[PDB]
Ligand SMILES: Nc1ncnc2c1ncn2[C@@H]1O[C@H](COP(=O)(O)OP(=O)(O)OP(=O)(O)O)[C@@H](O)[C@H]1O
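Just one chain is shown here, as structure tokens, and it is the form deposited without this ligand.
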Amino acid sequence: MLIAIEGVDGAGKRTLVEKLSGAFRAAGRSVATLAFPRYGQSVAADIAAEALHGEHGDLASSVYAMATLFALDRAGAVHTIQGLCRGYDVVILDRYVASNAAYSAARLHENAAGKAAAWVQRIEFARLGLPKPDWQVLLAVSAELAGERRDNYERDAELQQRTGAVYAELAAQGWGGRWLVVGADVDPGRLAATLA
């Protein structure tokens, strides 16, 4: 089973990955985790990270350019993902393909049913071969709470809010597959039971 944990910056994804992993383990299942972007493991990820901090000229000014970089980072992880899927009962990803759909659409002021979100699906799942997640878990957070709890994306308050809005719609519309929306207080045991 492949599970992707999604959310805006400051959502608390790392902590949820930890709790959920612990719940599946207590339930008698092996669990492996992987986080994106894979900083320090792929040039694409590192260049994207640098671009978000002002490096590489006009690269970050392009929505599709940035999305392509994150997608190429994931492309180089296909072999790893397939390996984990063959060796573990549950593979939990901290950010996956939906991240690209949400942030790209938000930057273009588009919605979940927009062009960028559709493009992400056509490119990553079909052309790059990224496995579709069985479940995409959105750790939803309001803009106010997020704004409460420094690259180009992090500093852009408007972008974060719009990205949260796109995510909420990607989840409701079942983009890429089935979604579940949870809070940072979700009970690990019940969530794991629901995602079993």
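Shifts are known only where both forms have a C-alpha. By rigid core we mean the largest C-alpha set that fits within 1.5 Å across both forms. Start at 1 with the first residue shown and count on from there.
Although it is not shown, the form solved in complex with this ligand is what the next lines describe.
Enquirer: Decide open or blocked for this chain: this ligand is absent here, so superimpose its site C-alphas on those in the bound PDB entry and check whether 3 or more ligand atoms come within 2.4 Å of a backbone or C-beta atom.
Expert: After superposition, this ligand sits free of the main chain and C-betas, so open.
Enquirer: Can all three of 34, 79 and 84 be found with a heavy atom no more than 4.5 Å from this ligand in the bound PDB entry?
Expert: Yes, because 34, 79 and 84 each have a heavy atom that approaches this ligand to within 4.5 Å in the bound PDB entry.
Enquirer: May I ask you to check whether residue 30 falls inside a 4.5 Å heavy atom distance of this ligand in the bound PDB entry?
Expert: No, residue 30 is distant from the partner.
Enquirer: Does this ligand get within 4.5 angstroms of any non-hydrogen atom of residue 61 in the bound PDB entry?
Expert: Output for residue 61 is no: heavy atoms all beyond 4.5 Å of this ligand.
Enquirer: Report whether the minimum heavy atom distance between residue 142 and this ligand in the bound PDB entry is within 4.5 Å.
Expert: Residue 142: no, not in contact with this ligand in the bound PDB entry.
Enquirer: Do any runs of 3 or more residues shift their CA by 2 Å or more between the shown form and the other one on a core fit, and if so, which ones, in sequence order?
Expert: Three-plus residue run displaced between the shown form and the other one: 144-149, uniquely.
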